[PDB]
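Undergrad: Following this line is data.txt, made up of compact mmCIF, C-alpha atoms and all ligand atoms:
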```
# COMPACT_ATOMS: atom_id res chain seq x y z
CA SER A 1 259.09 -130.76 123.83
CA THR A 2 258.85 -130.40 120.05
CA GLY A 3 257.09 -128.25 117.47
CA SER A 4 256.14 -128.80 113.83
CA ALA A 5 254.73 -126.16 111.45
CA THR A 6 254.01 -126.06 107.72
CA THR A 7 255.76 -123.35 105.69
CA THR A 8 254.14 -122.14 102.44
CA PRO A 9 255.57 -120.19 99.47
CA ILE A 10 254.16 -116.66 99.24
CA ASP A 11 253.88 -116.73 95.44
CA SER A 12 254.34 -118.92 92.37
CA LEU A 13 258.12 -118.27 92.29
CA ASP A 14 258.92 -119.30 95.89
CA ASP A 15 260.15 -115.76 96.57
CA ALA A 16 259.83 -116.45 100.32
CA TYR A 17 258.00 -118.78 102.69
CA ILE A 18 255.53 -117.97 105.50
CA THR A 19 254.83 -120.02 108.62
CA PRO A 20 251.92 -119.34 111.02
CA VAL A 21 252.94 -118.21 114.52
CA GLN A 22 250.68 -117.71 117.55
CA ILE A 23 251.44 -114.61 119.63
CA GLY A 24 249.72 -113.52 122.85
CA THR A 25 246.66 -114.51 124.87
CA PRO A 26 244.21 -115.14 123.28
CA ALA A 27 246.39 -116.17 120.36
CA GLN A 28 246.89 -113.77 117.47
CA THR A 29 248.11 -115.76 114.45
CA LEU A 30 250.56 -113.98 112.14
CA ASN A 31 252.35 -115.42 109.10
CA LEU A 32 256.08 -114.88 109.60
CA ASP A 33 259.14 -115.32 107.37
CA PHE A 34 261.46 -117.73 109.23
CA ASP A 35 264.94 -116.32 108.59
CA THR A 36 268.12 -118.21 109.50
CA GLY A 37 270.08 -115.11 108.35
CA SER A 38 268.84 -112.73 111.08
CA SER A 39 267.98 -112.81 114.78
CA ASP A 40 264.98 -110.52 115.40
CA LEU A 41 261.35 -111.61 115.77
CA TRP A 42 259.47 -108.53 114.57
CA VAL A 43 255.85 -108.01 113.53
CA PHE A 44 253.51 -105.54 111.90
CA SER A 45 251.44 -104.18 114.78
CA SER A 46 248.88 -101.68 116.03
CA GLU A 47 251.87 -99.31 116.42
CA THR A 48 252.94 -99.48 112.76
CA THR A 49 252.48 -96.20 110.88
CA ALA A 50 249.08 -96.65 109.23
CA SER A 51 250.21 -95.57 105.74
CA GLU A 52 252.84 -98.35 105.84
CA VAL A 53 250.33 -101.16 106.47
CA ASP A 54 248.66 -102.56 103.33
CA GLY A 55 246.93 -105.88 103.94
CA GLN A 56 249.16 -107.46 106.60
CA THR A 57 247.79 -108.98 109.77
CA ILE A 58 248.87 -106.94 112.81
CA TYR A 59 249.76 -107.84 116.39
CA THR A 60 247.86 -105.70 118.92
CA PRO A 61 249.64 -106.02 122.29
CA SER A 62 246.84 -104.22 124.16
CA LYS A 63 244.56 -107.16 123.36
CA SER A 64 246.99 -109.74 124.83
CA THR A 65 246.73 -110.39 128.56
CA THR A 66 250.29 -111.79 128.61
CA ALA A 67 251.97 -108.88 126.76
CA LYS A 68 254.30 -106.61 128.72
CA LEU A 69 256.21 -103.61 127.42
CA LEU A 70 259.96 -104.17 127.68
CA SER A 71 260.64 -100.73 129.08
CA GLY A 72 263.19 -98.65 127.22
CA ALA A 73 263.94 -101.26 124.57
CA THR A 74 264.11 -100.36 120.88
CA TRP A 75 265.20 -102.16 117.73
CA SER A 76 266.21 -101.27 114.19
CA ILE A 77 267.31 -103.61 111.41
CA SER A 78 268.36 -103.43 107.77
CA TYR A 79 268.57 -106.36 105.35
CA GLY A 80 270.64 -107.10 102.24
CA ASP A 81 268.01 -105.84 99.79
CA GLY A 82 268.12 -102.43 101.49
CA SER A 83 264.82 -102.95 103.30
CA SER A 84 264.43 -102.05 106.97
CA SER A 85 262.14 -101.78 109.98
CA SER A 86 262.28 -100.48 113.55
CA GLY A 87 260.19 -100.03 116.68
CA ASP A 88 259.76 -100.96 120.36
CA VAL A 89 259.55 -104.28 122.21
CA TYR A 90 257.08 -106.40 124.16
CA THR A 91 257.52 -109.76 125.81
CA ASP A 92 254.71 -112.24 125.20
CA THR A 93 253.92 -115.91 124.71
CA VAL A 94 254.87 -117.23 121.28
CA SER A 95 254.00 -120.67 119.90
CA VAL A 96 255.18 -122.37 116.71
CA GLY A 97 253.59 -125.64 115.67
CA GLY A 98 252.64 -126.56 119.24
CA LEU A 99 255.95 -125.47 120.86
CA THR A 100 255.48 -122.58 123.32
CA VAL A 101 257.97 -120.01 124.65
CA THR A 102 256.93 -117.63 127.41
CA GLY A 103 258.65 -114.27 127.74
CA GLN A 104 259.73 -114.08 124.09
CA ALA A 105 260.82 -110.67 122.84
CA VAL A 106 258.27 -109.62 120.20
CA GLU A 107 259.60 -106.56 118.36
CA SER A 108 256.70 -104.29 117.36
CA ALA A 109 257.27 -102.28 114.18
CA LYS A 110 256.66 -98.55 114.34
CA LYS A 111 258.16 -98.13 110.85
CA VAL A 112 258.72 -100.47 107.89
CA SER A 113 260.27 -99.76 104.50
CA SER A 114 258.35 -99.83 101.23
CA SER A 115 259.20 -103.41 100.23
CA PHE A 116 257.59 -104.69 103.44
CA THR A 117 254.48 -102.53 103.00
CA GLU A 118 254.19 -103.72 99.40
CA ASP A 119 254.21 -107.42 100.40
CA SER A 120 250.82 -108.14 101.94
CA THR A 121 251.68 -111.81 102.57
CA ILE A 122 254.46 -111.33 105.18
CA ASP A 123 253.33 -110.18 108.64
CA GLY A 124 256.87 -110.09 110.06
CA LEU A 125 260.06 -112.07 110.51
CA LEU A 126 261.18 -114.78 112.93
CA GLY A 127 264.97 -114.79 113.12
CA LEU A 128 266.85 -118.08 113.59
CA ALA A 129 270.50 -116.99 113.31
CA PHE A 130 272.57 -116.60 116.47
CA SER A 131 271.31 -114.23 119.15
CA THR A 132 274.53 -112.19 118.97
CA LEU A 133 272.97 -110.51 115.87
CA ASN A 134 269.79 -109.43 117.68
CA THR A 135 269.33 -105.65 117.34
CA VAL A 136 267.41 -104.84 120.55
CA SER A 137 269.03 -102.06 122.59
CA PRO A 138 270.12 -101.54 125.33
CA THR A 139 269.55 -105.21 126.34
CA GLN A 140 270.01 -107.68 123.47
CA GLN A 141 267.30 -110.35 123.28
CA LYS A 142 267.32 -114.07 122.47
CA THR A 143 265.77 -115.75 119.43
CA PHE A 144 262.80 -118.08 119.69
CA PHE A 145 265.11 -121.07 119.13
CA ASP A 146 267.54 -119.96 121.84
CA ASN A 147 264.70 -119.50 124.34
CA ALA A 148 263.14 -122.88 123.44
CA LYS A 149 266.37 -124.88 123.26
CA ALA A 150 266.61 -126.11 126.84
CA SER A 151 263.05 -127.49 126.67
CA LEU A 152 263.48 -129.28 123.34
CA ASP A 153 263.95 -133.02 123.13
CA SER A 154 267.10 -132.32 121.08
CA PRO A 155 268.66 -128.84 120.55
CA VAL A 156 267.91 -128.66 116.82
CA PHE A 157 265.55 -127.30 114.23
CA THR A 158 265.13 -128.45 110.62
CA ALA A 159 264.15 -126.69 107.40
CA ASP A 160 262.41 -128.71 104.68
CA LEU A 161 261.39 -126.13 102.07
CA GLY A 162 259.29 -127.16 99.10
CA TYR A 163 259.70 -126.41 95.40
CA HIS A 164 256.45 -124.75 94.38
CA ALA A 165 254.84 -126.55 97.32
CA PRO A 166 254.53 -126.39 101.11
CA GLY A 167 257.20 -127.75 103.42
CA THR A 168 257.98 -127.97 107.13
CA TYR A 169 259.95 -126.42 109.99
CA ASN A 170 260.47 -128.83 112.89
CA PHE A 171 261.86 -127.96 116.34
CA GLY A 172 263.43 -130.46 118.71
CA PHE A 173 263.51 -133.60 116.54
CA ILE A 174 264.74 -134.97 113.20
CA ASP A 175 261.97 -136.59 111.12
CA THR A 176 263.75 -139.61 109.65
CA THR A 177 260.91 -140.05 107.10
CA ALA A 178 261.57 -136.64 105.52
CA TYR A 179 264.84 -137.37 103.71
CA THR A 180 266.61 -140.08 101.72
CA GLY A 181 270.00 -141.58 102.47
CA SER A 182 271.99 -140.17 105.38
CA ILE A 183 272.54 -136.68 106.79
CA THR A 184 276.05 -135.29 106.27
CA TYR A 185 277.12 -132.87 109.00
CA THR A 186 279.63 -130.07 108.46
CA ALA A 187 281.31 -127.53 110.72
CA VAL A 188 279.85 -124.10 111.50
CA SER A 189 281.55 -120.84 112.43
CA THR A 190 279.43 -118.54 114.58
CA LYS A 191 281.97 -115.68 114.42
CA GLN A 192 279.73 -113.51 112.19
CA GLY A 193 276.51 -114.66 113.91
CA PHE A 194 275.41 -116.78 110.92
CA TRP A 195 275.09 -120.49 110.17
CA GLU A 196 278.37 -120.18 108.25
CA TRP A 197 279.93 -123.30 106.72
CA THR A 198 282.25 -124.34 103.87
CA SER A 199 281.00 -126.22 100.83
CA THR A 200 283.51 -128.61 99.24
CA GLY A 201 282.80 -127.65 95.61
CA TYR A 202 280.34 -127.72 92.75
CA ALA A 203 279.30 -129.18 89.41
CA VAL A 204 277.25 -127.76 86.52
CA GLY A 205 274.77 -130.17 84.95
CA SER A 206 276.42 -133.50 84.14
CA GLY A 207 279.88 -131.93 84.30
CA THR A 208 282.75 -133.04 86.50
CA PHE A 209 282.81 -131.92 90.12
CA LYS A 210 285.24 -129.10 90.96
CA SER A 211 286.76 -129.46 94.42
CA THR A 212 287.07 -125.99 95.92
CA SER A 213 286.21 -124.50 99.31
CA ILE A 214 283.24 -122.09 99.25
CA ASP A 215 282.52 -120.37 102.57
CA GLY A 216 278.91 -119.23 102.87
CA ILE A 217 275.79 -119.02 105.02
CA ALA A 218 272.64 -121.13 105.15
CA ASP A 219 269.97 -118.42 104.88
CA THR A 220 266.28 -119.31 104.59
CA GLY A 221 265.49 -115.56 104.39
CA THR A 222 267.33 -115.05 101.09
CA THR A 223 265.54 -116.23 97.93
CA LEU A 224 268.47 -117.02 95.61
CA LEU A 225 271.88 -118.74 95.61
CA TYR A 226 274.75 -116.20 95.65
CA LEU A 227 278.19 -117.63 94.82
CA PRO A 228 281.59 -116.38 93.59
CA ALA A 229 281.66 -114.82 90.13
CA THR A 230 283.85 -117.61 88.74
CA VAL A 231 281.32 -120.28 89.77
CA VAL A 232 278.33 -118.30 88.49
CA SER A 233 280.03 -117.59 85.13
CA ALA A 234 280.72 -121.32 84.72
CA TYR A 235 277.04 -122.11 85.34
CA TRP A 236 275.53 -119.53 82.96
CA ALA A 237 278.05 -120.34 80.21
CA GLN A 238 276.10 -123.61 79.79
CA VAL A 239 272.86 -121.73 78.93
CA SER A 240 272.60 -120.42 75.36
CA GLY A 241 271.87 -116.71 75.38
CA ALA A 242 272.41 -116.15 79.11
CA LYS A 243 274.16 -112.93 80.08
CA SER A 244 274.78 -110.64 83.01
CA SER A 245 272.60 -107.53 82.70
CA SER A 246 273.61 -104.45 84.67
CA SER A 247 270.22 -102.87 83.88
CA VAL A 248 268.28 -105.79 85.36
CA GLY A 249 270.78 -106.48 88.16
CA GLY A 250 272.02 -109.99 87.47
CA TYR A 251 272.14 -112.91 85.09
CA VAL A 252 269.15 -113.29 82.77
CA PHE A 253 268.45 -116.01 80.24
CA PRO A 254 265.95 -116.82 77.47
CA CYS A 255 262.71 -118.04 79.02
CA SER A 256 262.70 -120.74 76.27
CA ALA A 257 265.79 -122.40 77.79
CA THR A 258 265.94 -125.66 79.71
CA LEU A 259 268.37 -124.99 82.58
CA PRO A 260 271.05 -127.42 83.77
CA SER A 261 271.18 -128.64 87.34
CA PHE A 262 273.71 -127.30 89.85
CA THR A 263 275.42 -129.54 92.43
CA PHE A 264 277.09 -128.36 95.65
CA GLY A 265 279.30 -130.39 97.98
CA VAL A 266 278.72 -131.03 101.68
CA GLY A 267 281.81 -132.92 102.77
CA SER A 268 281.96 -135.98 100.53
CA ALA A 269 278.21 -135.77 99.85
CA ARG A 270 276.42 -133.92 97.05
CA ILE A 271 273.16 -131.94 96.86
CA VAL A 272 271.66 -131.55 93.38
CA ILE A 273 269.54 -128.47 92.59
CA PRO A 274 267.35 -129.32 89.55
CA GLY A 275 267.51 -126.81 86.72
CA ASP A 276 263.86 -125.81 87.12
CA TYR A 277 264.61 -124.51 90.63
CA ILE A 278 266.92 -121.89 89.03
CA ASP A 279 264.14 -120.30 86.89
CA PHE A 280 262.73 -117.12 88.48
CA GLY A 281 260.53 -116.20 85.56
CA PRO A 282 260.12 -113.15 83.35
CA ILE A 283 262.03 -110.03 84.41
CA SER A 284 258.80 -108.04 83.88
CA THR A 285 255.33 -109.27 83.01
CA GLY A 286 255.23 -110.75 79.50
CA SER A 287 258.97 -110.56 78.87
CA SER A 288 260.83 -113.46 77.24
CA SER A 289 263.91 -112.66 79.36
CA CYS A 290 263.93 -114.68 82.59
CA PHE A 291 265.78 -113.99 85.85
CA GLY A 292 268.35 -116.51 87.07
CA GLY A 293 268.31 -118.18 90.47
CA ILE A 294 272.11 -118.37 90.76
CA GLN A 295 273.74 -114.93 91.01
CA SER A 296 277.15 -113.47 91.87
CA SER A 297 278.00 -112.65 95.47
CA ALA A 298 280.83 -110.36 94.36
CA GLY A 299 279.15 -107.18 95.64
CA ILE A 300 277.88 -108.73 98.89
CA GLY A 301 280.98 -109.77 100.83
CA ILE A 302 279.63 -113.25 101.62
CA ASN A 303 278.29 -116.25 99.73
CA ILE A 304 274.66 -117.11 100.49
CA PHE A 305 273.03 -120.55 100.27
CA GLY A 306 269.50 -119.18 100.08
CA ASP A 307 266.19 -120.89 99.34
CA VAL A 308 267.23 -122.05 95.83
CA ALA A 309 269.90 -124.25 97.44
CA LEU A 310 268.20 -125.11 100.72
CA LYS A 311 264.93 -126.32 99.19
CA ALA A 312 266.88 -129.06 97.38
CA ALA A 313 267.81 -130.55 100.79
CA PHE A 314 266.58 -131.49 104.24
CA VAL A 315 268.65 -129.16 106.42
CA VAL A 316 269.49 -129.65 110.11
CA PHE A 317 270.41 -126.58 112.17
CA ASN A 318 272.13 -128.25 115.13
CA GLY A 319 272.32 -125.89 118.11
CA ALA A 320 274.36 -128.16 120.36
CA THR A 321 277.19 -126.63 122.39
CA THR A 322 279.30 -126.73 119.23
CA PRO A 323 276.78 -125.97 116.46
CA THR A 324 276.88 -127.82 113.13
CA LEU A 325 274.79 -128.03 109.95
CA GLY A 326 273.46 -131.21 108.35
CA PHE A 327 272.32 -131.76 104.77
CA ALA A 328 270.43 -134.72 103.27
CA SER A 329 268.87 -135.29 99.88
CA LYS A 330 265.11 -135.78 99.80
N1 LIG B 401 268.53 -109.66 101.22
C1 LIG B 401 267.56 -109.99 102.19
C2 LIG B 401 267.77 -111.02 103.12
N2 LIG B 401 266.87 -111.36 104.08
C3 LIG B 401 265.72 -110.68 104.12
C4 LIG B 401 265.41 -109.65 103.23
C5 LIG B 401 266.35 -109.30 102.25
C6 LIG B 401 264.10 -108.91 103.32
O1 LIG B 401 263.12 -109.65 103.99
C7 LIG B 401 263.57 -110.04 105.28
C8 LIG B 401 264.71 -111.04 105.15
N1 LIG B 402 263.27 -113.45 92.82
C1 LIG B 402 263.59 -112.43 91.89
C2 LIG B 402 264.59 -111.49 92.15
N2 LIG B 402 264.95 -110.49 91.31
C3 LIG B 402 264.27 -110.40 90.14
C4 LIG B 402 263.26 -111.28 89.79
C5 LIG B 402 262.89 -112.33 90.67
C6 LIG B 402 262.54 -111.14 88.48
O1 LIG B 402 263.27 -110.42 87.53
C7 LIG B 402 263.71 -109.14 87.98
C8 LIG B 402 264.64 -109.29 89.18
```
Would you write the structure of this file as structure tokens?
TA:
Amino acid sequence: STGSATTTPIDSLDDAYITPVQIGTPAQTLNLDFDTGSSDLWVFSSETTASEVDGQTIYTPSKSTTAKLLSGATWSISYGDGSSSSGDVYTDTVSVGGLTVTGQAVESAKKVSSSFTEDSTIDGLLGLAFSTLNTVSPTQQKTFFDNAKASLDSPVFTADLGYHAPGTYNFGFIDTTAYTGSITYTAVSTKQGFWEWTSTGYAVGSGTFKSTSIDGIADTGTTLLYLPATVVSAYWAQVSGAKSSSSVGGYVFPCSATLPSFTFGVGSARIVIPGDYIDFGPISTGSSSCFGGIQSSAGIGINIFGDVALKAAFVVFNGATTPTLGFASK
């Protein structure tokens, strides 16, 4: 089998991407944030505290003839921005782009934190990291990809995120029309439960490439590119007036600037992020200070190849017995 679904930016900045997902019988369609940095499929629901729902579409398990309470199971998760959610668990039928899994754990939110309530465009998350990170207790549950894998034509999914435009998540096949050149594959460590790999270096604009190993994660659920402070300083030094602002929480730059590109290495290959992808707009409405898309990972403990990096490539998440990652230009 295969599946193919369009993913759409939630706003004019590409802060995140939503993909429609069918849950239950009859289908209830929710728009979920596909997140290769976590491993829980959770949704706003009829159980979510009413004051914490503001415009999202909810899953109502009592209206699904295939929903079953997973007795005793609870979940609770926290993300890198300090946001969080928790609740109980149903199993139900879940379909993405024509690909169907029966018996998928659907984690129903009883509580969500303010940043989720405040974002009316995201109805939940669909985790695509390794199932060892799944938070369900006392019986850990499998991701949608892990449950689908045996039925797929090939044990892979691909992320093709757009810049200010829709893109595609495919399951079970590699669309050879969606990229240019060849796909370069690179090793993955699953030891932290992430799609963790090692970039071979970087370049700033037209500058010379610096060969240096940069361990990080491919994370569709993180907006920006978080790299070591040395790398980030070298990038922003090429932008007149750019500076790190403790009050704003990162590097800012004059909105009048034209930003240089940033290149990262994948083996001997190179992925170029155009400068415009690094512009995240005014820090507050009407300001002439703009927020940068490349930020320091120093206070995180891990480097993160988030959407800013991934949307410059066609990315293969290869879930074969030994997982690997593939990157192609497009
Ligand atoms: N830092 C961070 C990483 N991933 C996510 C969030 C924050 C919040 O939305 C869910 C996914
Ligand atoms: N994506 C994104 C993340 N953080 C910030 C902005 C955008 C805007 O400026 C303030 C801080």
Undergrad: Between A:23, A:136, A:32, A:99, single out the one closest to ligand LIG 401 (chain B), counting all atoms listed in the file.
TA: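 Comparing A:23, A:136, A:32, A:99 against ligand LIG 401 (chain B), the winner is A:32.
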Undergrad: Dump the neighbourhood of ligand LIG 401 (chain B) as a PDB file with C-alpha atoms, in the coordinates of the input: all residues within 9 Å, distances computed on all atoms listed in the file.
TA:
```pdb
ATOM      1  CA  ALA A  16     259.830-116.450 100.320  1.00  0.00           C
ATOM      2  CA  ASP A  33     259.140-115.320 107.370  1.00  0.00           C
ATOM      3  CA  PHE A  34     261.460-117.730 109.230  1.00  0.00           C
ATOM      4  CA  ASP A  35     264.940-116.320 108.590  1.00  0.00           C
ATOM      5  CA  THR A  36     268.120-118.210 109.500  1.00  0.00           C
ATOM      6  CA  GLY A  37     270.080-115.110 108.350  1.00  0.00           C
ATOM      7  CA  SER A  38     268.840-112.730 111.080  1.00  0.00           C
ATOM      8  CA  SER A  78     268.360-103.430 107.770  1.00  0.00           C
ATOM      9  CA  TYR A  79     268.570-106.360 105.350  1.00  0.00           C
ATOM     10  CA  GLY A  80     270.640-107.100 102.240  1.00  0.00           C
ATOM     11  CA  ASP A  81     268.010-105.840  99.790  1.00  0.00           C
ATOM     12  CA  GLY A  82     268.120-102.430 101.490  1.00  0.00           C
ATOM     13  CA  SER A  83     264.820-102.950 103.300  1.00  0.00           C
ATOM     14  CA  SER A  84     264.430-102.050 106.970  1.00  0.00           C
ATOM     15  CA  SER A 115     259.200-103.410 100.230  1.00  0.00           C
ATOM     16  CA  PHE A 116     257.590-104.690 103.440  1.00  0.00           C
ATOM     17  CA  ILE A 122     254.460-111.330 105.180  1.00  0.00           C
ATOM     18  CA  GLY A 124     256.870-110.090 110.060  1.00  0.00           C
ATOM     19  CA  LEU A 125     260.060-112.070 110.510  1.00  0.00           C
ATOM     20  CA  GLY A 127     264.970-114.790 113.120  1.00  0.00           C
ATOM     21  CA  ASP A 219     269.970-118.420 104.880  1.00  0.00           C
ATOM     22  CA  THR A 220     266.280-119.310 104.590  1.00  0.00           C
ATOM     23  CA  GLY A 221     265.490-115.560 104.390  1.00  0.00           C
ATOM     24  CA  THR A 222     267.330-115.050 101.090  1.00  0.00           C
ATOM     25  CA  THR A 223     265.540-116.230  97.930  1.00  0.00           C
ATOM     26  CA  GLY A 306     269.500-119.180 100.080  1.00  0.00           C
TER      27      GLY A 306
END
```
Undergrad: What residues have any atom no more than 12 Å from ligand LIG 402 (chain B) when counting all atoms listed in the file, and can you list them as a PyMOL selection string?
TA: chain A and resi 10-16+81+221-226+244-253+255+277-295+306-308
Undergrad: Between CA of residue 30 in chain A and CA of residue 166 in chain A, what is the distance, to one decimal in Å?
TA: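 Taking CA of residue 30 in chain A and CA of residue 166 in chain A, their separation equals 17.1 Å.
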Undergrad: Using all atoms listed in the file, what residues lie at most 10 Å away from (272.1, -99.8, 121.7) (file coordinates), given as a PyMOL selection string?
TA: chain A and resi 73-76+135-140
Undergrad: Keeping C-alpha atoms (and nothing else), can you write range 214-277 of chain A of this structure as a PDB file, in the first residue's frame?
TA:
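decode-v9.pdb written:
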```
ATOM      1  CA  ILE A 214      27.318  18.555  13.099  1.00  0.00           C
ATOM      2  CA  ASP A 215      25.145  15.971  14.868  1.00  0.00           C
ATOM      3  CA  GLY A 216      21.466  16.885  14.807  1.00  0.00           C
ATOM      4  CA  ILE A 217      17.888  15.730  14.242  1.00  0.00           C
ATOM      5  CA  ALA A 218      15.571  16.005  11.257  1.00  0.00           C
ATOM      6  CA  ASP A 219      12.486  17.528  12.910  1.00  0.00           C
ATOM      7  CA  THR A 220       9.464  18.589  10.850  1.00  0.00           C
ATOM      8  CA  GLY A 221       7.784  19.771  14.085  1.00  0.00           C
ATOM      9  CA  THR A 222      10.356  22.496  14.776  1.00  0.00           C
ATOM     10  CA  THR A 223      10.056  25.698  12.723  1.00  0.00           C
ATOM     11  CA  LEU A 224      13.658  26.942  12.665  1.00  0.00           C
ATOM     12  CA  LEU A 225      17.229  25.684  12.152  1.00  0.00           C
ATOM     13  CA  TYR A 226      19.133  25.413  15.474  1.00  0.00           C
ATOM     14  CA  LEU A 227      22.913  24.987  15.149  1.00  0.00           C
ATOM     15  CA  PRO A 228      26.043  25.507  17.275  1.00  0.00           C
ATOM     16  CA  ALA A 229      26.772  29.072  18.365  1.00  0.00           C
ATOM     17  CA  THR A 230      29.967  29.214  16.291  1.00  0.00           C
ATOM     18  CA  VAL A 231      28.074  28.363  13.087  1.00  0.00           C
ATOM     19  CA  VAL A 232      25.215  30.771  13.827  1.00  0.00           C
ATOM     20  CA  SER A 233      27.626  33.629  14.652  1.00  0.00           C
ATOM     21  CA  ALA A 234      29.410  33.067  11.332  1.00  0.00           C
ATOM     22  CA  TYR A 235      26.084  33.292   9.461  1.00  0.00           C
ATOM     23  CA  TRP A 236      24.761  36.467  11.129  1.00  0.00           C
ATOM     24  CA  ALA A 237      28.136  38.218  10.857  1.00  0.00           C
ATOM     25  CA  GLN A 238      27.398  38.453   7.115  1.00  0.00           C
ATOM     26  CA  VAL A 239      24.212  40.510   7.731  1.00  0.00           C
ATOM     27  CA  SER A 240      24.742  44.213   8.463  1.00  0.00           C
ATOM     28  CA  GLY A 241      23.056  45.162  11.712  1.00  0.00           C
ATOM     29  CA  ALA A 242      22.217  41.623  12.847  1.00  0.00           C
ATOM     30  CA  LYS A 243      22.614  40.909  16.547  1.00  0.00           C
ATOM     31  CA  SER A 244      21.623  38.458  19.238  1.00  0.00           C
ATOM     32  CA  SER A 245      18.891  39.972  21.413  1.00  0.00           C
ATOM     33  CA  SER A 246      18.335  38.490  24.866  1.00  0.00           C
ATOM     34  CA  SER A 247      15.079  40.458  25.154  1.00  0.00           C
ATOM     35  CA  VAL A 248      13.646  38.972  21.956  1.00  0.00           C
ATOM     36  CA  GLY A 249      15.226  35.532  22.451  1.00  0.00           C
ATOM     37  CA  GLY A 250      17.537  35.127  19.472  1.00  0.00           C
ATOM     38  CA  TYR A 251      19.188  36.728  16.488  1.00  0.00           C
ATOM     39  CA  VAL A 252      17.311  39.625  14.902  1.00  0.00           C
ATOM     40  CA  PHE A 253      18.227  41.633  11.821  1.00  0.00           C
ATOM     41  CA  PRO A 254      17.043  44.736   9.936  1.00  0.00           C
ATOM     42  CA  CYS A 255      13.950  43.882   7.916  1.00  0.00           C
ATOM     43  CA  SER A 256      15.547  45.917   5.064  1.00  0.00           C
ATOM     44  CA  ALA A 257      18.334  43.321   4.682  1.00  0.00           C
ATOM     45  CA  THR A 258      18.757  40.794   1.889  1.00  0.00           C
ATOM     46  CA  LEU A 259      19.870  37.590   3.632  1.00  0.00           C
ATOM     47  CA  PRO A 260      22.602  35.254   2.358  1.00  0.00           C
ATOM     48  CA  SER A 261      21.920  31.600   1.670  1.00  0.00           C
ATOM     49  CA  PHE A 262      23.060  28.843   4.036  1.00  0.00           C
ATOM     50  CA  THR A 263      24.412  25.500   2.786  1.00  0.00           C
ATOM     51  CA  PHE A 264      24.588  22.270   4.808  1.00  0.00           C
ATOM     52  CA  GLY A 265      26.414  19.070   3.891  1.00  0.00           C
ATOM     53  CA  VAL A 266      24.893  15.605   3.524  1.00  0.00           C
ATOM     54  CA  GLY A 267      27.877  13.374   2.875  1.00  0.00           C
ATOM     55  CA  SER A 268      29.565  14.803  -0.204  1.00  0.00           C
ATOM     56  CA  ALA A 269      26.311  16.483  -1.302  1.00  0.00           C
ATOM     57  CA  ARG A 270      25.068  19.975  -0.469  1.00  0.00           C
ATOM     58  CA  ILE A 271      21.620  21.423   0.318  1.00  0.00           C
ATOM     59  CA  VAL A 272      21.245  25.182  -0.212  1.00  0.00           C
ATOM     60  CA  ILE A 273      18.730  27.126   1.910  1.00  0.00           C
ATOM     61  CA  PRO A 274      17.929  30.392   0.046  1.00  0.00           C
ATOM     62  CA  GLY A 275      18.282  33.537   2.134  1.00  0.00           C
ATOM     63  CA  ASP A 276      14.568  34.338   1.928  1.00  0.00           C
ATOM     64  CA  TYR A 277      13.782  31.101   3.808  1.00  0.00           C
TER      65      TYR A 277
END
```
